[PDB]
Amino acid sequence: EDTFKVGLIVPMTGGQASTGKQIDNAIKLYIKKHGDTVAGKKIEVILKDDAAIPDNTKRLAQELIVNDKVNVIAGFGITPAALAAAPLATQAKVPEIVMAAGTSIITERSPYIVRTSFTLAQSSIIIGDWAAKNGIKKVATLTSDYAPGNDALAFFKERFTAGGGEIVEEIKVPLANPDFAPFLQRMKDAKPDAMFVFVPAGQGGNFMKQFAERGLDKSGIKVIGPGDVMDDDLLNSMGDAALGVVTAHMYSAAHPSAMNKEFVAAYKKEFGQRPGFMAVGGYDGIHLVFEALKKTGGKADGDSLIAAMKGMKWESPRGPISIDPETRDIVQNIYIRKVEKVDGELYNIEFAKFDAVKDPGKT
């Protein structure tokens, strides 16, 4: 009738609290900048904290759909959370907007899922190609022991070995409270040319702290990976050991576009911190909802919304992006960046751009 509800399910507490914080903030910023009304509907955002626990995600999604009667569910800080909600999204015909989780297969788990974040494969193929072409011969991998870490590993390995690289060791660490010290100790003794590192948003600072504590910034071992470890939400808290880390990713707070300059300044002014790649996922996720509603002339049923979302394209602070009409997954530039100091702060400075990269996990 007059209102349209978005059930926002994100980790506000626990290990992935920094992801939920950014997504909640970015959506608040979006509404502050665009208003809360579209095609005669007042948008209400209902926040629920699942603490990145899939059992909570499922119960909260049921409550939002059945009790609160939401038109869309959104967020999903980790892959298991997105997967937990998928059956309910399908049964209730409610779009599920994935603003964080990055495992390739997620969009295949419900015809109502649409993603505005990334897949690990998008970034992992690019850094794999780059490492091989740049004389890196022997690499040890460290990856979070769950779905997106496995994607990161597989796609990096594929491209890096195809280019003549060799993986010397593969090490996996738990999602919950990882201890990086053992892998890092191994590195100090084994001295590969580089370490490829995937850890989720929120953990890169801890990784870099143990890296610097074990003295590895003086070892000549390069750090490479997808951009998650060099999370812009965390870059400000890191020391000089992070200088020179090379990552591929879809977003940098240093992206030089007019829209990004405006977004970063607005976010900093409102929240007092730099947005990271999770904030952008949220910003674009809510934009997608607004634009869909506009396109349907305010029709709020799931089928109408999904139909409008497919093939949608717009400029994001990260660059031009679109929803693939075939897969419902995000198509976006992937940049390669080097951590450099500008005006006293560390930034992921983009030096390479690959245009409109479709998820390699579905191509």
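From 1 onward, residues are counted along the sequence shown.
Undergrad: On average, which has the higher Cα B-factor in the deposited entry, 334-342 or 22-30?
TA: Mean CA B-factor is higher for 22-30.
Undergrad: Looking only at CA atoms, which has the higher mean B factor in the entry: 353-361 or 1-9?
TA: Comparing 353-361 with 1-9, the higher mean C-alpha B-factor belongs to 1-9.
Undergrad: So if I compare the CA B-factors in the entry for 129, 284, 217, 151, which one is the largest?
TA: Of the candidates given, the C-alpha B-factor peaks at 217.
Undergrad: Name the residue from 205, 102, 164, 227 with the greatest C-alpha temperature factor listed in the entry.
TA: That would be 164.
Undergrad: Looking at the temperature factor on the CA atom of residue 192, which third of the chain's modelled residues does it land in?
TA: Residue 192: CA B-factor falls in the highest third of its chain.
Undergrad: What third of the chain, by the recorded C-alpha B-factor, contains residue 328?
TA: Middle third of the chain for residue 328's C-alpha B-factor.
Undergrad: Just say lowest, middle or highest third for the CA B-factor of residue 240 relative to the other modelled residues in its chain.
TA: Residue 240: CA B-factor falls in the middle third of its chain.
Undergrad: Considering every modelled residue of the chain and its Cα B-factor in the PDB entry, is residue 124 in the lowest, middle or highest third?
TA: Its C-alpha B-factor belongs to the lowest third of this chain's values.
Undergrad: Comparing residue 177 with the other modelled residues of its chain, is its CA B-factor in the lowest, middle or highest third?
TA: Highest third.
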